[PDB]
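Each of two forms of one protein chain follows alone as structure tokens, named structure 1 and structure 2.
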Structure 1
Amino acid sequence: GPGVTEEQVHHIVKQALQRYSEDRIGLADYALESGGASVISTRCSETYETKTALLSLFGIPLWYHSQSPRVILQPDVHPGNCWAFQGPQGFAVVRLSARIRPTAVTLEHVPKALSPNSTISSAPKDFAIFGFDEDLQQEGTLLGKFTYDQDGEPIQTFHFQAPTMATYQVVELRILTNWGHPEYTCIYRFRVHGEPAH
């Protein structure tokens, strides 16, 4: 009718929070490390230490460990909890927790509001996703190319345009450019969504 009652607001809020709590976007993530996914270390850009100027000019904390490629499969995305590689090109290969037909990926970066100077120049920009249908993964099939938009929302999801029904258990994230940081690109979290067996 006219406007909205206090009661329907409560319902809209409760539902929005329930969606928020389903890993924000409500899609199963077959790349999530705790769900059984892993990175193929041997098939990943070399890790770049972003905290150099502090690891030298102040020390190596005793509990301190470099952010490795598995970090992209981990949901903590507080500032710094990103895997960094050198320069604007890099890739990681992920073995998914199940064989799936892939329909979408998600990439997120730390929000501008939480970065120095509100810029995120080390965020990835253009990237592509490849599926490897065999384990002895030499030949990649392009599943899609996309751009992470630095003026968009921190979490962005990308739907493959008309996928085949091919299924895959190993996928690569291949970063083609960044948002212009001259030293490295930082990846906060990469997710892979699709349809499993049965």
Structure 2
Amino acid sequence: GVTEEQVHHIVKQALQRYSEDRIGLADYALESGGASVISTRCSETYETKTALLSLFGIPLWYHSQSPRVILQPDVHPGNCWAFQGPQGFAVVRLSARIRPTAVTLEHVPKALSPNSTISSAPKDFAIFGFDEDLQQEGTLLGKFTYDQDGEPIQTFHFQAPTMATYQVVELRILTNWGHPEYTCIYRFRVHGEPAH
């Protein structure tokens, strides 16, 4: 079979990959690395008016996650950005101009969900690139489907990316997994080739 040394090697390398943001690819949409949401170019946030923050017994305001959370690595149930219905979009100014080669979308696992369902997850989606920051018409980079029966983190590689570069990318959600009120986005990542 396998030697003990081979087992240690397999385990070490699997934990290395796990530690590298799970997938081992630089994320040009990570906010701490220099990416940001373009607030006016995102869907309206679905607000429930339920999470009330108070201080000294004084009600202050209701807390809802803004689109910024999709560019942050804190994926736990409820740490997601929600928009109303099954169609929505977010636009991100990447940390650098890149040739985009892949995107990653993740959702919470079924095992951490009541009744093992994730109907608020995005389903069909499309990625668009915008040449400059204030331009109206994007270029389609690819169309993909987040599989509710797949792994929580799903990476999608473009079949044949052109040589075009972009610093502005749109995540366009076309359908969801059936939730009748909203769609929840946990984390979106963009991968590719920077200047060198």
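Every residue number counts along structure 1's sequence, beginning with 1. Residues that one form lacks are left out of the comparison. Throughout, rigid core stands for the largest set of C-alpha atoms superposing within 1.5 Å between the two forms.
Exercise. Which listed residue, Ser56, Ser34, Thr164, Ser68, is the one whose CA shifts 2 angstroms or more between the two structures with the rigid core aligned?
Worked result: Just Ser56.
Exercise. With both forms fitted on the core, how large is the C-alpha shift of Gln137 between the two structures in Å?
Worked result: Its C-alpha shift, to one decimal, is 2.3 Å.
For this session: For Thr106, give the CA shift between the two structures in Å, the superposition being done on the rigid core.
Result: Its alpha carbon moves by 0.2 Å.
Exercise. With the core fixed, which bits of the chain, 3+ residues long, show every Cα moving 2 Å or more between the two structures?
Worked result: Run with every C-alpha shifted by at least 2 Å: 49 to 65, nothing else.
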